[PDB]
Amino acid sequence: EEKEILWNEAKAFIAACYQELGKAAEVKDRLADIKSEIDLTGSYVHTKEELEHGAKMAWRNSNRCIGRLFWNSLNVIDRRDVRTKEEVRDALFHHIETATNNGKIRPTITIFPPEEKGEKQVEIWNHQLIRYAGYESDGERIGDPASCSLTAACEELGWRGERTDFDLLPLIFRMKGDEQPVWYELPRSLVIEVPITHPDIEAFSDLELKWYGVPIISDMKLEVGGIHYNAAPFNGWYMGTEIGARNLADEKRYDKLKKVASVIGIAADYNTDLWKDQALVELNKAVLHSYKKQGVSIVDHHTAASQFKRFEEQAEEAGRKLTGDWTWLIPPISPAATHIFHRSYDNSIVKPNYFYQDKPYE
């Protein structure tokens, strides 16, 4: 039953993986070994090669990601060996350091031991490893509203934030067998942040905006050949609109457009003036400029879509079906200036892939 689903997923994954790796003759024997391993044990263990290629295929199959051209250069760190909360903490710290790479960001995934019988070995509570706290109480809003529930959960466990708009949340995760997660403050030497300034409007720094360098998404499940890696944080580099059109602009996030409009010297009074649009463009210019000036990797949405076009072409050339989610692939600014807007995409789900999972708080 469980063995059944597993073996089926396994046969399909190994066949495809080994084919792509030019190891097609090795499949029969590898499947034999896996078959006996499942019978005796209830599951099977991926070789380092399978796990590496599987994580890369999962990125390649992520319909919502515009950054997939670079799927084959993912840096895969195998941490299936950790057993203690100090090892997990140090692996997470290491991921941050090695992914950051002094600003020349390396797309990286660190893979922790998989669920055994749907039992998690490690359960990471963070949405991203580096993220700002948010607070709301009696009229007063501080920080990132999207972090309010995790922030409140951390404070239940004895963490206390300084209540700036940019407090770094601690790493917070739970080990199998523990009733409660543990938390660890991030060493500030590990976390690059970028102050937001504008290439020609000097007043822009009056907003005192900043953002962190590396988005390291840490609450998705990697599924490969029927094995469920629920703890497997990964990162790329940012596309500037994630920061400038969404994290800093959304009304339910930092909500900065009215403030941007004021410092760039335009009125925010009439919809027909398109002041929100103009503010969005200047904010997004500032974000790109600031990351580039600091030597931290970032891509703008035009260049990203041009890369995605080459991914579509590479898929066709490899004879691989392309899958995509148009509603996530279009950028939130000037979407019709990208080729993505003017075509359609098949939203089928192909495995290996990354998946949402239930949050352990709220």
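Quick note: we count residues from 1 along the sequence shown, nothing fancier.
**Q** Please compare 164-172 with 77-85 and say which has the higher mean C-alpha temperature factor in the record.
**A** Between 77-85 and 164-172, it is 77-85 that shows the higher mean C-alpha B-factor.
**Q** Using only C-alpha atoms and the B-factors in the entry, which stretch averages higher, 41-49 or 293-301?
**A** Higher mean C-alpha B-factor in the PDB entry: 41-49.
**Q** From 136, 97, 277, 193, can you pick the one with the highest C-alpha B factor in the entry?
**A** That would be 136, according to the entry.
**Q** Quiz for you: based on the deposited Cα B-factor, which of 335, 324, 67, 319 is highest?
**A** That would be 319.
**Q** By the recorded C-alpha temperature factor, relative to the other modelled residues in its chain, which third is residue 35 in?
**A** It falls in the top third of the chain.
**Q** Which third of the chain does residue 144 land in by C-alpha B-factor: lowest, middle or highest?
**A** Tercile = lowest for this residue's CA B-factor.
**Q** Sorting the chain's modelled residues by C-alpha B-factor, tell me whether residue 159 ends up in the lowest, middle or highest third.
**A** Its C-alpha B-factor belongs to the highest third of this chain's values.
**Q** Using the B-factor values recorded in the entry, state whether the Cα atom of residue 354 falls in the lowest, middle or highest third among the modelled residues of its chain.
**A** Lowest third.
**Q** Using the B-factors in the PDB entry, rank residue 128's C-alpha atom against the chain and give the third, lowest, middle or highest.
**A** Tercile = lowest for this residue's CA B-factor.
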